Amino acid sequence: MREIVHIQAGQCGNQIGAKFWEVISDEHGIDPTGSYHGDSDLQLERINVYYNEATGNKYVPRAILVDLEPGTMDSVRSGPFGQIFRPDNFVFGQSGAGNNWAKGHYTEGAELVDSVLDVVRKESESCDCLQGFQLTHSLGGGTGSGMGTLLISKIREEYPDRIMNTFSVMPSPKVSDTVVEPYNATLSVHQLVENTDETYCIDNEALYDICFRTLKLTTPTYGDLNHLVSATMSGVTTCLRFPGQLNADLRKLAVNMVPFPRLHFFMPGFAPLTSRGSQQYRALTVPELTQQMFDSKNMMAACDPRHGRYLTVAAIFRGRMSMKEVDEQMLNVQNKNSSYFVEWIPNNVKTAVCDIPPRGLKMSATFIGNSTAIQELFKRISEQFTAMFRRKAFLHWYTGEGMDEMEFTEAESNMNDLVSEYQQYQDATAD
């Protein structure tokens, strides 16, 4: 359990994937040339998880970059740290998917998918002990969502014993005007319920709300949003990247957080919330971080945690602080707020501390929750889906590429089924 193979697909996928690689590179003392320039062996101890060791004492991200649109690859290579990526792990195609799930999943995406599988075979056979895969993508578009879930199931077919983990960005009409995003999202959700082990739910609605309400950015850009995504991705992979008292891996997380195979969609949370490139004039206290972590404003999914109950919680604190004080306040929040933890999963809140802070913050905390309150996100998608599908709105965009009304009907009841079992366990009695 060491090496992870990373895949980023489509515009959203490649842009949040890029920012992930910049961020953990700075944390790990790697410059865009690929050279280590840091001051701690701790930055290098577990570096094999994401980076291949290279000639010249270089380091190259174990990363595969994918898009049907040729433009995003040039934008990544132009981007800071664009040169760090293996040039042969760039797989690109001729035309976009036109925000069409069926184009990415069934037609054009299927032409490119074999080529992607070749790059994946190489990076994974060069691995001593392959944990599995992490995928960044959107669900509203056509490539990251439609070819993204195609790729997932094809990787499943070859590597059925490795963990399949995704960072999946959820659409919001606040951030994109493209009307068929509820369809693309409900199609993708179907495939994810069936074929991934862990999915962090990164909600564009929540990201826009944070930027508008807490960051007073009147007109937030994808860069304003992706700062929040990049902070979370750093936070939830800290315990893979850095040595700790538990040797976290993707499978130990899946085993301790997912009590039922379908309920594997996590609600991530971060504190403190900041704007990109903004000096922090004073950090926060540990009890502050603890409280603000179970605060609806600090969630990357647009759900109020006090509207459901947590099945499992994992909490990562970063910075120099007393683990005594941390476990203290953490237990306090559990006792004062006992009605929001399921009774029939004992000791279901695990917390870790890592002395190494993220760039620009003296102290941070990061929250990975499996809350039934996540049904709100899916209900919102289902409502938008039904609004359009009652009218059979835009359905010929998909039947033209070969699909059938039944596949739609199916993915809706499956999401609705998902909603109802999140409810089953929310109302479940220990007695």
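Start at 1 and count along the sequence shown; that's the residue number.
Look at the C-alpha B-factors of 249 to 257 and of 276 to 284. On average they run higher in 276 to 284. Relative to its counterpart among 341 to 349 and 286 to 294, 286 to 294 has the higher mean temperature factor, C-alpha atoms as listed in the PDB entry.
Which of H307, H227, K336, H105 has the largest Cα B-factor in the deposited entry comes down to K336. Based on the entry's C-alpha B-factors, the most elevated value among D177, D203, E198, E194 belongs to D177. In this PDB entry, the Cα temperature factor of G369 sits in the bottom third of its chain's modelled residues, the lowest group. Among all modelled residues in this chain, the alpha-carbon of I4 has a temperature factor (C-alpha) in the lowest third.
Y398: CA B factor lies in the middle third for its chain, per the PDB record. In this PDB entry, the Cα temperature factor of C211 sits in the middle third of its chain's modelled residues. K392: CA B factor lies in the middle third for its chain, per the PDB record.
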